[PDB]
Structures are given as C-alpha cells and as structure tokens.
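Numbering (the deposited numbering), first residue to last: 294 to 388, 398 to 433.
Spelled out as structure tokens, the structure:
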C-alpha cells in the first residue's frame, strides 16, 4: 500500500497482541490474588480451574497457552508448578506488579521491532518442561 507494507502490518498485529497480554496480566492478577486467599496454604487451585474466571473477565475463552505468553514478557511474574498428573498450577511469587509488567512488555516490544528482519505477530508461549 502507501504507508503499510507486510512488515508494518505485522507490527500492527503485534501491537494488538501487546494490548492482549497487558489486559490478561491484570486479569490474572485479580483472579490469582483472590484465589490465593481462599486456602490456608496460600496456594490457588490449578490453572484449569481458574480459566473460566479469567475468560469471563477477558470476555473471551482464555486457554493455558494465552497465560504462558505472560512469562515470555516476565519470566519471574508467576511461580510455575507441575503436580503429579502434570496439571499446571500458577501462583504469585513471595515478596507495583502491573507497572513492572508494562515496562517489560514495552521493552520486549522494542527489541522485537528494532531489528530489520521478520516481525512476529504474537507473543510466543513460554516453554515449560516437565518437573
């Protein structure tokens, strides 16, 4: 076109992905914080239990891969634990987190579009290995 060629179009796609993971982080923050209060151990239910809550707040069906995008931006954002059956459980780490995430999200976005190759259109899911 005039202003936007394939590379620029990919950047625009990525910006929507940035907007997505930023909102998703905030939603995970409210859900995990609230659910971590329900039990004496301070440990929330498995992630698959909390996904309907996360989905309703996001007004869209959120899956585990969406959640893992957050760790790509901030690896120490949450603590990841795999149980006996391999079911994923996420939890807040032991001590503003929202501001910290946005800064890293911005910095991550900067480094992606900075170099002149091919631009990814979405945040890749963080890779989790077996315990």
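All residues carry an ideal CB built from backbone N, CA and C; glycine is no exception.
DSSP, read as helix, strand or coil, puts residue 422 in coil. Under DSSP, residue 374 forms a beta bridge with 382.
For residue 347, the closest of 298, 377, 325, 296 by C-alpha to C-alpha distance is 325. C-alpha of residue 306 to C-alpha of residue 403: approximately 20 angstroms in a straight line. CA-CA distance, residue 310 to residue 322, rounds to 18 angstroms.
Judged by DSSP in its simplified three-state form, residue 337 adopts coil rather than helix or strand.
For residue 308, the uninterrupted alpha helix (DSSP H) segment begins and ends at 299 to 328.
C-alpha of residue 339 to C-alpha of residue 407: approximately 26 angstroms in a straight line.
424 is the residue among 424, 429, 327 whose C-alpha sits nearest the C-alpha of residue 315. Rounded to whole angstroms, residue 410 and residue 312 show a C-alpha spacing of 13 angstroms. From the listed residues 358, 417, 384, 342, the smallest Cα separation to residue 429 is found for 358. CA-to-CA, the gap between residue 388 and residue 421 works out to about 36 angstroms.
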